[PDB]
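**Student:** Chains as they are written, first to last, in PDB author numbering: chain K, 10 to 99, 112 to 360; chain L, 10 to 99, 112 to 360; chain A, 10 to 99, 112 to 360; chain B, 10 to 99, 112 to 360.
Got a structure for you, questions after.
There are 4 protein chains.
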Amino acid sequence: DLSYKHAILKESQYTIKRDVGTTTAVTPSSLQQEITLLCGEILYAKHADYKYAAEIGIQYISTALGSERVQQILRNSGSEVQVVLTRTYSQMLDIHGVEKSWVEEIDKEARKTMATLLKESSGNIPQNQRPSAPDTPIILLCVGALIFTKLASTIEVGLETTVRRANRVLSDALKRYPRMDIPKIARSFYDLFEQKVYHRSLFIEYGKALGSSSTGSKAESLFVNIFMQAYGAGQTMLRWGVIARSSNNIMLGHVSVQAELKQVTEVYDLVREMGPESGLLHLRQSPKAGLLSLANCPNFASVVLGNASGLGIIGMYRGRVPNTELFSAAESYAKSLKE
Amino acid sequence: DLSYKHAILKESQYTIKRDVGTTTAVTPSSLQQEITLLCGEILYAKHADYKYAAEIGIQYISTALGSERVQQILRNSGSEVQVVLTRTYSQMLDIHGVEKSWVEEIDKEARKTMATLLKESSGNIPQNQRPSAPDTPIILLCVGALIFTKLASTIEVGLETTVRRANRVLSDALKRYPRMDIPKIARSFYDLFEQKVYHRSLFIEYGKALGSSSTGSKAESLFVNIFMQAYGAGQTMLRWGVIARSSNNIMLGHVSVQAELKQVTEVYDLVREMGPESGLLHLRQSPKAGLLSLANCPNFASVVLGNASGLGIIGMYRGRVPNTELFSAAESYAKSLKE
Amino acid sequence: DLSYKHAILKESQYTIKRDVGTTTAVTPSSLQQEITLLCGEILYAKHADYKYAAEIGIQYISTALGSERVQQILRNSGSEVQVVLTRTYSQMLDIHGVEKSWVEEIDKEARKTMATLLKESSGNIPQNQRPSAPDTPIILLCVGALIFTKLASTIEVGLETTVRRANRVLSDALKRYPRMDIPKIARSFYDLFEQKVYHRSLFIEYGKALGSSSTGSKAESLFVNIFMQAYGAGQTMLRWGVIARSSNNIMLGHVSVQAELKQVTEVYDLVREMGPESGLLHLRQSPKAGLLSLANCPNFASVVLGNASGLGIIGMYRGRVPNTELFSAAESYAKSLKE
Amino acid sequence: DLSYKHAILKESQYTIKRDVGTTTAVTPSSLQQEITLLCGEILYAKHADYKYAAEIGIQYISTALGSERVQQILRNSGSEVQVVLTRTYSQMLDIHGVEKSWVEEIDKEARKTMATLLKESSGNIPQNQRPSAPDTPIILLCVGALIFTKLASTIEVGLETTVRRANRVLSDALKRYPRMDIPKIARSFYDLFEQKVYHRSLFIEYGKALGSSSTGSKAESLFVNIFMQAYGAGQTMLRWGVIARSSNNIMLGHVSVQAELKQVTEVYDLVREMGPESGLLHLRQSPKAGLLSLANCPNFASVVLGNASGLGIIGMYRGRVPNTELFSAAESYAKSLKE
RNA sequence: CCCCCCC
RNA sequence: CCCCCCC
RNA sequence: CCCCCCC
RNA sequence: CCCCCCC
RNA sequence: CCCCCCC
């Protein structure tokens, strides 16, 4: 059945159309040196409103890939959003859907903070501490990638995890910019990813275009590391299933587990059939996701969760254990094997 | 998963573009006999500023490979830096991005030192002690290759190791040039490698074009020896893992180590899949590096570090030991086997 | 039937008469050295109005072919437009149908830009950067030829494609003239081609008189390359049909495809019967075009479009697929053969 | 389509007219014994200005073919240049477009060098070392033919290749004339070929009139060897395509390659249709060149370039690889077959 | 009615 | 637009 | 550039 | 319905 | 996030 369902979904002669009357903003590569400034003036000043930081990160992505490539990416993502270009005025940027009041506020706040830290201090600002640093857009996109790995999770868990992991992953940027509010920027990125779902596809295309590069700075290598940490998002049950098989859990040989193993292997075969893009299904909110669910094998899922709980892997996972006896037996065996 | 991640990174139909508006300097082979002089006038005099010694070494590399081949190397490294040629003036060199004041200072300092060592002494300067010696550019590039092997490490460790190893590796050059400041030249080379990342690719191409040569002087053989000592940079955990497997450590048979051995072998298979260029991934700061990390196998890494500590190989390695009990048990077994 | 229709259209003893009371402008060869200046003063300055750039390109064509040959070309194109010669005044040109205010504005804007770029800069303007360069009329006609290849398409697609292709085809001219507005010049050329349809015949005659030349500059070779890229305009279905036959698509052997293959071969026989001038039928808007339509073979057209979609050739083609089942089957087989 | 494009270009009832008000210089055969002297006084002396050496070689060509035949050659090349004859004065030559100051400078420099090498030396100048040697014009035309083979390439590559190949091809002349500056003479010939394009036709006519001769010296045989090495200039992709077909590359059987093979064979059929003069199309800058481009078959071109790269033939070819996956696969297969 | 991609 | 290696 | 042995 | 830990 | 010793 599962192969037939995927065959129906894949073999479609008709293309969906959505967001027909909508538009979005991009910034041409000719403005990259400008957007960098903006992407850094968000980082070293303490701003009251961090509402469009995610849009500025996506603007930098658009400068990197190019306006035409970004339009093509949005078009092939199933969304008929018409790209609107970015202009300059007196210079500053007039990004579509980003209020000019916001851009002026961010610029003025950063200029005032820079003046205050230059007047009082000894005037020895290093090359990495200024807003026009060239890795500041990647530093903002690193907060974006941290909150990207938690798009399958909830908002509160995502924000808490982003802040916790960014105090260590982004320690160097925090030292360079003492006053960068990872919570508010992470909230902005979560809002962008939820509202504009095609920007998940744009962000993934940037991740690919960055990982495929021949050279990169440490900021881009960090961004790619986090982006790849997001790969199996929304499918931790499959990873824990292969973990359970590697652990040689005895309760995998139970009668009901052996009964469901056929369709479990069917799900894994479907994973292989989709191939490399299967991992990005839940990150993209591809409607095709959910063909990879193991919820139709309650006993296998309970055994997998029990094995994970025994090994300590389960952590604070919020999934359901359908069959509690199998869960407890698997947990006991996994603890025994671990000890 | 790891094979799929590498498949995504490798199978990219789009090329990255960076350093679009930037330029760099090369020196044509027709100026090699001139750059040699410069590359040696850095070595036998005591200079206040050693800021661009690395750029002069890279200039000699550009003379060796050729301007067009160097432009091609920079282009295929993912960087759209426009090569700027080198000219002469009254003769001395006007290298782009190298201030003419610096070149004049180095030349004048070397001429004054030569006059002082000729007026006072008996006038018996041998053929190897003069700045126009033909192995002086390779002697400078040897300090560069020593600091090249420490690009994955930190700056202070790199400089300390460079000086310590250069007092023995480069003893003959030090005898020939009593006043050559390995610390400042090493600092210059570290600065060049950090700022201009495409010059890592140029330096690797010189290493290949030198190792592939049919003949070479002892300086070039030394440079190739050091360059090959840099091969596995940034991946000492994989080397220590194969060391642990060769040592037949009993704690490799632990439950958790045997649990993680599958994905460990996956990392090694990915190493084989990339092939010869895998070793140069961290040296080049290829963003694709980090697919070879064993950080997702904490128990295997702890066992490997314990085995290394028992054998005395660990030295002063600064990696983390995740599971301390496995580390201590492996260290005890490794010491027992060593004794 | 199709041969009979073409026989009726071809065997006509009566000549049509149109544009009887209309006139058009030409420029004699004696003014070529003057028109060149104008054709280049459009290219290196930033003009508010680019309305008659196409007429200036056509004026240069008229200088190249000659006034009498141009009148003959207009007469044999089915249009009874009376040629009006070009005069000079105080020197500048008074082209018929081109307001003297426009010519004065273009000349003054170019002179002011030249004065600004000479006063501020170091006064080292090369021979190719000045308006009086002899390939500037061909550079303008290259934008005209780019928008010529998109006369069967729509206006927006034509302009987008012209700009995209001119950033690469005309990179050297863009470097020579940093401020040349390919969008506005392309709009002017599209307007000319739509309003004055006999100028399509003039432009084709220039393409022939240029391709037949024994020698030419790189600009003229580029113009001929683009002009020949326009050859099969308006008939991509025939090209994709021969592509499908070359691909040996199995769905070509379907019952309905084999039913329609007879009249399909009739269309191809008509193509051969018309011969070399068949390709220029849609470019010229020859009313005889439409005898080459494959719209009366819906199943063959659907199979051809499916084959193109499978091979990736279809791109973003906007034609209709009549029979969706054949389209999908052909697409599946074409993808299978491609893989 | 390609056959129709060539049919349009070939079937033209109108002849182009260019260079109407221009003139050029020829030298009658009655002055050959004089021009020989000049053509050799360029070779054994060290001249500050080598500006018109190419014009002197072309003058010798004009003496060889004859003034009337040279005028006819210029006329049938599509250029309406009026031949101006050459006169003598007190003897020396007054060549049109060649300043008499230049001729006097060359003659005086050669006479002074001859006096210096006769006064100091033992006075045993052999018959081949004097300027009046009868193969000196052919020795100059050999540098001209070396730079002729690189007219499709760039200026810097052409000059570098000319010098590199002339140190070996023209070793005997270099021994006879120690001070002959192949770089400056090659620059002069490149300038002539770029400025006066009809002189490419004259130079080709000399190549034909020399190859058709019943007897010749070793200089003329060398000139014909180089001239024939120039035959396929500007079309190395076709030669590499037939090389790939000879290599039986498996990736030629790919789906897209087999898709494009039809129009590829169309290009080759057009090559056969034009016949012997097809090779000289790019050398002559015939505007008809570009009908032979394989740029409209990106997958075939990528496979051909990959095969060449595998066999080591690609060298340092600067063409584009459109489809990188096909290029890499073809390169791998070609290396495997080579090994 | 016809046309509609890429180069 | 085209061209781009070696001999 | 080409040629290059033996009979 | 699906998802849900850690890095 | 990754890296981190010695030669």
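Every residue gets a Cβ at the ideal spot worked out from N, C-alpha and C, and that includes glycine.
Quick one: what does DSSP say L/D202 is sitting in, helix, strand or coil?
**Tutor:** Sequence index remark: in the second sequence, residue 202 of chain L carries index 181 (1-based). Three-state result, L/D202: coil.
**Student:** Starting from B/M113 and walking both ways along the beta strand (DSSP E), at which residues does that stretch end?
**Tutor:** As a position in the fourth sequence, residue 113 of chain B is number 92, starting the count at 1. Looking at the DSSP string, the run of the beta strand (DSSP E) that includes B/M113 is 113-115.
**Student:** Over the uninterrupted beta strand (DSSP E) stretch that includes K/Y98, give me the two end residues.
**Tutor:** Counting from 1 along the first sequence, the entry for residue 98 of chain K is found at position 89. Residues 96-98.
**Student:** For A/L302, which option in A/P199, A/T345, A/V124, A/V218 has the closest C-alpha, if you only look at C-alpha atoms?
**Tutor:** Looking up residue 302 of chain A in the third sequence gives position 281. When only C-alpha atoms are compared, the closest one is A/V218.
**Student:** How long is the line joining the alpha carbons of K/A322 and K/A173, rounded to whole angstroms?
**Tutor:** As a working mapping, residue 322 of chain K is identified with position 301 in the first sequence. As a working mapping, residue 173 of chain K is identified with position 152 in the first sequence. When rounded, the distance between both Cα atoms is 19 Å.
**Student:** Could you run through the stretch 17-45 of chain K and flag, in chain order, every residue whose CB is less than 9 Å away from some CB of chain L?
**Tutor:** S38, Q41, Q42
**Student:** Could you name the residues of the stretch 67-99 of chain K whose beta carbon sits closer than 9 Å to any beta carbon of chain A, in the order they occur along the chain?
**Tutor:** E77, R84
**Student:** Give the C-beta separation of B/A265 and B/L273 to the nearest angstrom, bearing in mind that I take them to be a contact with Cβ-Cβ under 8 Å.
**Tutor:** By one-based count along the fourth sequence, residue 265 of chain B stands at place 244. By one-based count along the fourth sequence, residue 273 of chain B stands at place 252. The distance from the Cβ of B/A265 to that of B/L273 is about 6 Å, consistent with a contact at the 8 Å cut-off.
**Student:** Is A/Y53 near A/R200, with beta carbons less than 8 Å apart?
**Tutor:** By one-based count along the third sequence, residue 53 of chain A stands at place 44. By one-based count along the third sequence, residue 200 of chain A stands at place 179. Closer than 8 Å, so yes.
**Student:** If you run the structure through DSSP and keep just helix, strand and coil, what is L/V93?
**Tutor:** Locating residue 93 of chain L in the second sequence gives position 84, where the first residue counts as 1. In this structure, L/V93 counts as strand in the three-state DSSP scheme.
**Student:** Any chance the stretch 163-170 of chain K sits against the stretch 131-144 of chain K, with 3 or more Cβ pairs inside 8 Å?
**Tutor:** With a cut-off of 8 Å, the stretch 131-144 of chain K and the stretch 163-170 of chain K do not count as touching, because too few Cβ pairs lie within range.
**Student:** With burial defined as no fewer than 16 other Cβ atoms inside 10 Å of the residue's Cβ, what is the status of B/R293: buried or exposed?
**Tutor:** The residue given as residue 293 of chain B occupies position 272 in the fourth sequence. Exposure of B/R293 is indicated by the presence of fewer than 16 other C-beta atoms within 10 angstroms of its C-beta.
**Student:** Determine the chain A residues that contact B/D10 at a beta-carbon separation under 9 Å, and present them in chain order.
**Tutor:** Numbered from its first residue, the fourth sequence carries residue 10 of chain B at position 1. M249, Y252, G253, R260, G300, listed in chain order.
**Student:** Please check the pair A/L114 and A/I44, which I expect to be a contact at CB under 8 Å, by giving their CB distance rounded to whole angstroms.
**Tutor:** Indexing the third sequence from 1 puts residue 114 of chain A at position 93. Indexing the third sequence from 1 puts residue 44 of chain A at position 35. With 8 Å as the limit, A/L114 and A/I44 qualify as a contact, their Cβ atoms being about 7 Å apart.
**Student:** Can you pull the chain B neighbours of A/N145, defined as C-beta to C-beta under 9 Å?
**Tutor:** As a first step, residue 145 of chain A must be located in the third sequence, where it is residue number 124. In chain order: nothing, as chain B lies at least about 20 Å away.
**Student:** Report yes if the C-beta distance between residue 435 of chain B and B/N317 is below 8 Å; otherwise report no.
**Tutor:** There is no way to answer for residue 435 of chain B, as the model of chain B reaches only from 10 to 360.
**Student:** To the nearest angstrom, how far is the alpha carbon of B/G333 from that of B/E360?
**Tutor:** What you label residue 333 of chain B is simply residue 312 of the fourth sequence in a count that begins at 1. What you label residue 360 of chain B is simply residue 339 of the fourth sequence in a count that begins at 1. Those two C-alpha atoms are separated by around 12 Å.
**Student:** With a threshold of 8 Å on Cβ separation, who are the neighbours of B/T97 within its own chain once the five nearest residues in sequence on each side are excluded?
**Tutor:** Along the fourth sequence, one-based indexing puts residue 97 of chain B at 88. Hits under 8 Å: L40, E43, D115.
**Student:** Please work out which residues of its chain come closer than 8 Å, Cβ to Cβ, to A/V342, disregarding the five sequence neighbours upstream and downstream, and give them in chain order.
**Tutor:** The residue labelled residue 342 of chain A in the question sits at position 321 within the third sequence. The residues are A322, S323, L326, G327, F348.
**Student:** Let me make sure I understand the geometry here. Which of L/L231, L/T286, L/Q148 has the alpha-carbon closest to that of L/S242?
**Tutor:** Within the second sequence, the letter at position 221 stands for residue 242 of chain L. In terms of CA proximity to L/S242, L/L231 leads the group L/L231, L/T286, L/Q148.
**Student:** I'd like to check one pair, L/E50 with L/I127: are the Cβ atoms closer than 8 Å?
**Tutor:** Sequence index remark: in the second sequence, residue 127 of chain L carries index 106 (1-based). Sequence index remark: in the second sequence, residue 50 of chain L carries index 41 (1-based). The answer is yes: Cβ separation under 8 Å.
**Student:** Counting pairs of Cβ atoms below 8 Å between the stretch 177-196 of chain A and the stretch 26-36 of chain A, do you hit three or more?
**Tutor:** no
**Student:** A/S192 versus chain K: which residues are under 8 Å apart at the beta carbon?
**Tutor:** On the third sequence, position 171 is the one that residue 192 of chain A refers to. None at all; the shortest Cβ gap to chain K is about 15 Å.
**Student:** Does K/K140 pass the burial test, meaning 16 or more other C-beta atoms within 10 Å, or should it be called exposed?
**Tutor:** In the first sequence, counting from the first residue as 1, residue 140 of chain K sits at position 119. So K/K140 ends up on the exposed side.
**Student:** Counting along the chain, where does the beta strand (DSSP E) carrying residue 101 of chain L start and finish?
**Tutor:** This structure gives no coordinates for residue 101 of chain L. The numbering of chain L moves from 99 immediately to 112.
**Student:** At 4 residues or longer, and completely inside the stretch 211-297 of chain K: list those alpha helix (DSSP H) runs for me, N to C.
**Tutor:** 219-232, 239-250, 257-268, 276-295
**Student:** Taking 8 Å as the CB-CB limit, is L/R305 close to chain K?
**Tutor:** The sequence position of residue 305 of chain L within the second sequence is 284, counting from 1. Answer yes: the Cβ-Cβ gap between L/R305 and chain K drops below 8 Å somewhere.
**Student:** Starting from B/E126, trace the alpha helix (DSSP H) both ways and give me its first and last residue.
**Tutor:** Numbered from its first residue, the fourth sequence carries residue 126 of chain B at position 105. Unbroken alpha helix (DSSP H) run through B/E126: 121-140.
**Student:** Hey, A/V164 and A/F224: beta-carbon distance below 8 Å or not?
**Tutor:** Position 143 of the third sequence, counted from the first residue, corresponds to residue 164 of chain A. Position 203 of the third sequence, counted from the first residue, corresponds to residue 224 of chain A. No, the Cβ-Cβ distance between A/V164 and A/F224 is not below 8 Å.
**Student:** Looking at chain K, which residues of the stretch 270-284 of chain L have a Cβ within less than 8 Å of any of its Cβ atoms?
**Tutor:** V276, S277, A280, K283
**Student:** Check distances from the C-beta atoms of the stretch 345-360 of chain A to those of chain K and list, in chain order, the residues that come in under 9 Å.
**Tutor:** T345, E346, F348, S349, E352, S353
**Student:** What do you get for B/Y198, buried or exposed, if any count of 16 or more other CB atoms within 10 angstroms of its CB means buried?
**Tutor:** In the fourth sequence, residue 198 of chain B corresponds to position 177, counting from 1. So B/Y198 counts as buried.
**Student:** Under DSSP, the alpha helix (DSSP H) around A/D193 begins and ends at which residues?
**Tutor:** For this step, residue 193 of chain A is matched to residue 172 along the third sequence. Note, A/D193: alpha helix (DSSP H), 192-197.
**Student:** Check whether the Cβ of K/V218 lies closer than 8 Å to any Cβ atom in chain L.
**Tutor:** Counting from one through the first sequence, the residue named residue 218 of chain K turns up at place 197. It does not; no Cβ of chain L falls within 8 Å.
**Student:** Shorter than 8 Å from the beta carbon of A/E241 to some beta carbon of chain B?
**Tutor:** The residue labelled residue 241 of chain A in the question sits at position 220 within the third sequence. Closer than 8 Å: yes.
**Student:** Alpha carbon to alpha carbon, what distance is there between B/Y252 and B/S268?
**Tutor:** On the fourth sequence, position 247 is the one that residue 268 of chain B refers to. On the fourth sequence, position 231 is the one that residue 252 of chain B refers to. Straight-line Cα distance between these residues: approximately 23 Å.
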